[PDB]
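> My file is data.txt. It has compact mmCIF, C-alpha atoms and all ligand atoms:
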# COMPACT_ATOMS: atom_id res chain seq x y z
CA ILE C 1 10.27 -3.04 -4.13
CA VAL C 2 12.56 -5.78 -5.44
CA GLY C 3 13.48 -5.78 -9.12
CA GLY C 4 11.50 -2.61 -9.80
CA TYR C 5 12.59 0.80 -11.16
CA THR C 6 12.92 4.42 -9.98
CA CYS C 7 9.40 5.81 -10.47
CA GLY C 8 10.38 9.42 -10.89
CA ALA C 9 9.55 12.28 -8.54
CA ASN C 10 5.83 12.67 -7.89
CA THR C 11 4.89 10.30 -10.73
CA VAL C 12 2.76 8.48 -8.16
CA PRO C 13 0.95 11.41 -6.52
CA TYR C 14 -1.22 9.13 -4.34
CA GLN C 15 1.74 7.44 -2.66
CA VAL C 16 2.11 8.62 0.94
CA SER C 17 4.78 7.69 3.48
CA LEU C 18 3.70 6.97 7.07
CA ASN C 19 6.30 8.48 9.40
CA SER C 20 6.65 8.15 13.17
CA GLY C 21 10.19 9.59 13.25
CA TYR C 22 11.03 7.43 10.25
CA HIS C 23 9.16 6.05 7.26
CA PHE C 24 7.65 2.76 8.43
CA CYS C 25 4.80 2.14 6.01
CA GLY C 26 3.27 3.17 2.71
CA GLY C 27 -0.29 4.42 2.23
CA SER C 28 -2.63 5.75 -0.49
CA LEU C 29 -4.48 9.11 -0.51
CA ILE C 30 -8.19 8.60 -1.41
CA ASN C 31 -9.27 12.20 -0.82
CA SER C 32 -7.96 15.34 0.83
CA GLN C 33 -8.38 14.08 4.41
CA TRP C 34 -8.05 10.30 4.21
CA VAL C 35 -5.40 7.66 3.63
CA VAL C 36 -5.92 3.93 3.12
CA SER C 37 -3.15 1.65 4.47
CA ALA C 38 -2.61 -1.78 6.07
CA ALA C 39 -4.17 -2.50 9.47
CA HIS C 40 -0.86 -4.19 10.36
CA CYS C 41 0.78 -0.76 9.94
CA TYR C 42 -1.33 0.66 12.80
CA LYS C 43 0.55 2.65 15.43
CA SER C 44 -0.11 5.95 17.20
CA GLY C 45 1.67 9.26 16.57
CA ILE C 46 1.59 8.90 12.78
CA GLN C 47 2.58 11.76 10.53
CA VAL C 48 1.39 11.48 6.93
CA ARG C 49 3.91 12.71 4.37
CA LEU C 50 2.60 13.54 0.91
CA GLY C 51 4.45 14.85 -2.13
CA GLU C 52 7.48 12.62 -1.49
CA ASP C 53 10.17 11.23 -3.75
CA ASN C 54 13.38 11.19 -1.67
CA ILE C 55 12.17 10.60 1.88
CA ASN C 56 15.41 11.83 3.48
CA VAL C 57 15.58 15.14 1.57
CA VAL C 58 13.19 18.08 1.56
CA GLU C 59 12.77 18.65 -2.18
CA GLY C 60 9.89 21.13 -2.53
CA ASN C 61 6.55 19.27 -3.01
CA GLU C 62 6.06 17.82 0.47
CA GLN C 63 3.00 18.14 2.66
CA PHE C 64 3.52 16.82 6.22
CA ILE C 65 0.19 16.41 8.02
CA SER C 66 -0.32 14.74 11.40
CA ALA C 67 -3.03 12.09 11.56
CA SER C 68 -6.03 12.94 13.77
CA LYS C 69 -7.46 9.42 13.74
CA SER C 70 -6.69 5.88 12.65
CA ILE C 71 -9.41 3.23 12.13
CA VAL C 72 -8.56 -0.43 11.80
CA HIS C 73 -11.01 -2.69 10.02
CA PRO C 74 -13.57 -3.99 12.56
CA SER C 75 -12.63 -7.58 11.60
CA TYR C 76 -8.85 -7.31 11.23
CA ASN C 77 -7.09 -10.50 12.37
CA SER C 78 -3.42 -9.72 13.11
CA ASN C 79 -2.58 -13.43 13.07
CA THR C 80 -3.85 -14.27 9.53
CA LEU C 81 -3.75 -10.69 8.17
CA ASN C 82 -7.39 -11.09 7.13
CA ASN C 83 -8.92 -7.67 6.38
CA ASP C 84 -5.49 -5.97 6.41
CA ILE C 85 -6.81 -2.44 5.86
CA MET C 86 -6.98 0.73 7.92
CA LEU C 87 -8.03 4.34 7.33
CA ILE C 88 -6.21 7.42 8.49
CA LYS C 89 -7.69 10.89 8.64
CA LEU C 90 -5.45 13.96 8.45
CA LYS C 91 -5.68 16.79 11.04
CA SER C 92 -6.06 19.20 8.11
CA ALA C 93 -6.96 18.53 4.49
CA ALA C 94 -4.12 18.18 1.99
CA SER C 95 -3.69 20.65 -0.92
CA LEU C 96 -4.48 18.48 -3.90
CA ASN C 97 -2.34 19.28 -6.93
CA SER C 98 -0.62 17.50 -9.84
CA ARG C 99 1.91 15.93 -7.42
CA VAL C 100 -0.51 15.24 -4.57
CA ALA C 101 -3.68 13.56 -5.76
CA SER C 102 -6.19 10.98 -4.63
CA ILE C 103 -6.52 7.66 -6.39
CA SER C 104 -10.01 6.36 -7.19
CA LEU C 105 -11.61 3.49 -5.33
CA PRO C 106 -12.54 0.50 -7.53
CA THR C 107 -16.12 0.18 -8.65
CA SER C 108 -15.37 -3.48 -9.34
CA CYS C 109 -12.89 -6.22 -8.50
CA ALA C 110 -9.95 -6.46 -10.88
CA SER C 111 -9.28 -9.79 -12.56
CA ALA C 112 -6.35 -12.21 -12.84
CA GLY C 113 -4.22 -10.97 -15.76
CA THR C 114 -4.72 -7.23 -15.03
CA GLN C 115 -1.46 -5.25 -15.09
CA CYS C 116 -0.90 -3.14 -11.97
CA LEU C 117 1.62 -0.71 -10.49
CA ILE C 118 3.02 -1.38 -7.02
CA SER C 119 5.10 1.26 -5.24
CA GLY C 120 6.88 1.96 -1.96
CA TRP C 121 10.14 2.76 -0.18
CA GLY C 122 10.76 -0.82 0.88
CA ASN C 123 13.89 -2.94 0.71
CA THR C 124 15.19 -3.48 -2.85
CA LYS C 125 17.08 -6.73 -2.17
CA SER C 126 15.61 -10.25 -2.02
CA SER C 127 18.54 -11.63 -0.08
CA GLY C 128 20.13 -8.89 2.03
CA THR C 129 18.95 -5.38 3.03
CA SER C 130 18.99 -2.08 1.13
CA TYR C 131 16.43 0.71 1.60
CA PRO C 132 16.20 3.38 -1.19
CA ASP C 133 15.58 7.05 -0.50
CA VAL C 134 13.56 7.62 -3.73
CA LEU C 135 10.33 5.87 -4.75
CA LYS C 136 10.40 2.52 -6.52
CA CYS C 137 7.75 1.16 -8.86
CA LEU C 138 6.82 -2.33 -10.08
CA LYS C 139 4.54 -3.45 -12.89
CA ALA C 140 3.03 -6.78 -11.94
CA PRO C 141 -0.06 -8.83 -12.97
CA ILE C 142 -2.69 -10.04 -10.54
CA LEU C 143 -2.34 -13.83 -10.35
CA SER C 144 -5.15 -16.41 -10.41
CA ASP C 145 -6.84 -17.26 -7.12
CA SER C 146 -5.88 -20.92 -7.76
CA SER C 147 -2.13 -20.31 -8.13
CA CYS C 148 -2.38 -17.93 -5.13
CA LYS C 149 -3.87 -20.67 -2.88
CA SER C 150 -1.42 -23.27 -4.33
CA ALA C 151 1.48 -20.97 -3.45
CA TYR C 152 0.19 -20.30 0.09
CA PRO C 153 -1.95 -23.29 1.19
CA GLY C 154 -4.45 -22.53 3.94
CA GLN C 155 -3.65 -18.78 4.14
CA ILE C 156 -5.44 -17.00 1.25
CA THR C 157 -8.90 -15.66 2.13
CA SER C 158 -11.36 -13.90 -0.19
CA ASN C 159 -10.01 -10.62 1.12
CA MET C 160 -6.55 -11.30 -0.43
CA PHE C 161 -5.05 -11.66 -3.91
CA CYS C 162 -1.53 -12.46 -5.14
CA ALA C 163 0.25 -10.26 -7.67
CA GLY C 164 3.64 -10.72 -9.28
CA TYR C 165 5.82 -13.45 -10.72
CA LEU C 166 6.01 -17.12 -9.79
CA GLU C 167 9.56 -17.05 -11.17
CA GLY C 168 10.43 -14.55 -8.40
CA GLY C 169 12.91 -11.71 -8.92
CA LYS C 170 10.23 -9.02 -8.64
CA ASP C 171 7.98 -8.07 -5.74
CA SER C 172 6.99 -5.77 -2.94
CA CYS C 173 9.12 -6.12 0.20
CA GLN C 174 9.45 -4.93 3.78
CA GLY C 175 8.70 -1.19 4.12
CA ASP C 176 6.26 -1.32 1.17
CA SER C 177 3.56 -2.48 3.63
CA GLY C 178 0.38 -0.43 3.41
CA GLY C 179 1.15 1.13 0.03
CA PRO C 180 -0.75 0.95 -3.29
CA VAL C 181 -1.62 -1.53 -5.97
CA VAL C 182 -3.22 0.62 -8.65
CA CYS C 183 -4.84 -0.98 -11.69
CA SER C 184 -6.20 1.16 -14.54
CA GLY C 185 -6.40 4.22 -12.27
CA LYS C 186 -8.21 2.36 -9.45
CA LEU C 187 -6.73 1.20 -6.14
CA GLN C 188 -7.19 -2.59 -6.16
CA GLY C 189 -4.63 -3.68 -3.55
CA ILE C 190 -2.74 -2.77 -0.39
CA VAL C 191 0.72 -4.22 0.17
CA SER C 192 -0.01 -6.73 2.93
CA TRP C 193 2.35 -9.68 3.36
CA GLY C 194 4.32 -12.53 1.83
CA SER C 195 6.99 -15.16 2.52
CA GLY C 196 10.30 -13.38 2.15
CA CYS C 197 10.56 -11.15 -0.93
CA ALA C 198 10.92 -11.98 -4.65
CA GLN C 199 11.21 -15.70 -3.86
CA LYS C 200 10.28 -18.33 -6.43
CA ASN C 201 6.63 -19.41 -6.05
CA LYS C 202 6.17 -16.91 -3.21
CA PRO C 203 4.44 -13.77 -4.63
CA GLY C 204 3.24 -10.71 -2.75
CA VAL C 205 -0.14 -10.86 -1.03
CA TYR C 206 -2.36 -7.79 -1.15
CA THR C 207 -5.56 -6.81 0.63
CA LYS C 208 -8.43 -6.77 -1.89
CA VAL C 209 -9.68 -3.17 -1.77
CA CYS C 210 -12.89 -3.77 -3.83
CA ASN C 211 -14.26 -5.83 -0.92
CA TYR C 212 -13.95 -2.80 1.41
CA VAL C 213 -15.48 0.06 -0.60
CA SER C 214 -18.75 0.14 1.38
CA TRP C 215 -16.89 0.22 4.69
CA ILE C 216 -14.51 2.94 3.44
CA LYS C 217 -17.19 5.20 2.03
CA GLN C 218 -19.45 4.61 5.04
CA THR C 219 -16.56 5.28 7.40
CA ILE C 220 -15.42 8.51 5.71
CA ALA C 221 -19.03 9.70 5.65
CA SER C 222 -19.27 9.51 9.48
CA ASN C 223 -15.77 10.50 10.63
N1 LIG Z 301 5.95 -13.27 -0.92
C1 LIG Z 301 6.40 -12.04 -0.99
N2 LIG Z 301 7.62 -11.81 -1.39
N3 LIG Z 301 5.64 -11.03 -0.66
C2 LIG Z 301 6.10 -9.64 -0.63
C3 LIG Z 301 6.37 -9.23 0.79
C4 LIG Z 301 6.03 -7.76 1.01
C5 LIG Z 301 5.20 -7.52 2.26
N4 LIG Z 301 3.92 -6.91 1.82
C6 LIG Z 301 5.88 -6.61 3.29
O1 LIG Z 301 5.89 -5.40 3.12
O2 LIG Z 301 6.37 -7.16 4.27
CA CA Z 302 11.41 14.45 0.51
CL CL Z 303 15.91 2.45 -12.32
CL CL Z 304 3.15 22.33 -1.39
CL CL Z 305 -8.99 -19.62 -10.03
I need this file expressed as structure tokens, please.


Amino acid sequence: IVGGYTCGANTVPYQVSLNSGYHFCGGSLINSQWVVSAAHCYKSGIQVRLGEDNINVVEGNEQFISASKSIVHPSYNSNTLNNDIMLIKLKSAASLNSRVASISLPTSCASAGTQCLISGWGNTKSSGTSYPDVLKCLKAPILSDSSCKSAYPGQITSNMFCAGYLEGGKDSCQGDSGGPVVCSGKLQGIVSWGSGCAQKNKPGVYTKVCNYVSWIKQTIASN
């Protein structure tokens, strides 16, 4: 997160860190056994870490659970990042508490204008590199589909939306990949891609979770 703020420990109980020896991606808990993330974060040997603030310090609220299974969207295109969504099932079910909690799936698509909260352990600098140990948060509006396509000609499908600031300064960034965009207590987005971070006229691009609710629910019902 560039230009964000320190969330506070466990103030985002649905934020998970994907760890293969190191945090590499964010993710969102949607029930005790399942995480939603970005297809482009797929690798094997994933450990899901819940209850995290500082990812380099054991602080007392962690649950570390190995993934049993990852499932990339049947139609994921790694070139265009179309359908950048993936599900991860835990080997055992998490203990849900006040600091480890699912976020609801949307019952409907959120609109341009809607204020949202984006979070992750990504780079905090727009030029240069600087990874924080504790969780960062960003309040950002969903932008119009027209300004989103203007800003990224020929690259925005119906499975993507922009959120943030055309003036730049504030954004998701590398290492936030796969993590949440929550709007009014529903998960509307997954941190997907963008051109650089926090650049003028180059806002973050997020997978549009509302489009995927059938697939998610159908998938969790049979795995
Ligand atoms: N145009 C942008 N600055 N987009 C934000 C880039 C963040 C991107 N989701 C990543 O983690 O790599
Ligand atoms: Ca920790
Ligand atoms: Cl701060
Ligand atoms: Cl615990
Ligand atoms: Cl529009």

> Would you kindly return, as a PyMOL selection string, each protein, DNA or RNA residue with an atom no farther than 8 Å from any atom of residue C:14, considering all atoms listed in the file and excluding same-chain residues fewer than 2 positions away?

chain C and resi 12+16+28-30+50+100-103

> Using all atoms listed in the file, can you tell me which of C:127, C:88, C:106, C:206 comes closest to residue C:157?

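For residue C:157, the nearest of the given residues is C:206.
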
> Would you please work out which residue, of C:8, C:120, C:196, C:60, is nearest to ligand LIG 301 (chain Z) when using all atoms listed in the file?

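Of all the options, C:196 lies closest to ligand LIG 301 (chain Z).
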
> Find the spatial neighbours of residue C:19, counting all atoms listed in the file, within a cut-off of 10 Å - ignore same-chain residues fewer than 6 positions away - and output them as a list in words.

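Near neighbours after the sequence-gap exclusion: residues 25, 26, 45, 46, 47, 48, 49, 55, 64 and 66 of chain C.
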
> What does the distance from atom CA of residue C:51 to atom CA of residue C:164 come to in Å, to one decimal?

26.6 Å

> Taking only C-alpha atoms into account, name the residue in C:124, C:223, C:20, C:111 that is nearest to residue C:91.

C:223

> Hey, which residues come within 12 Å of ligand CL 303 (chain Z) if we count all atoms listed in the file? Could you give them as a list in words?

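With all atoms listed in the file and a cut-off of 12 Å, ligand CL 303 (chain Z) is contacted by residues 1, 2, 3, 4, 5, 6, 7, 8, 124, 132, 134, 135, 136, 137 and 138 of chain C.
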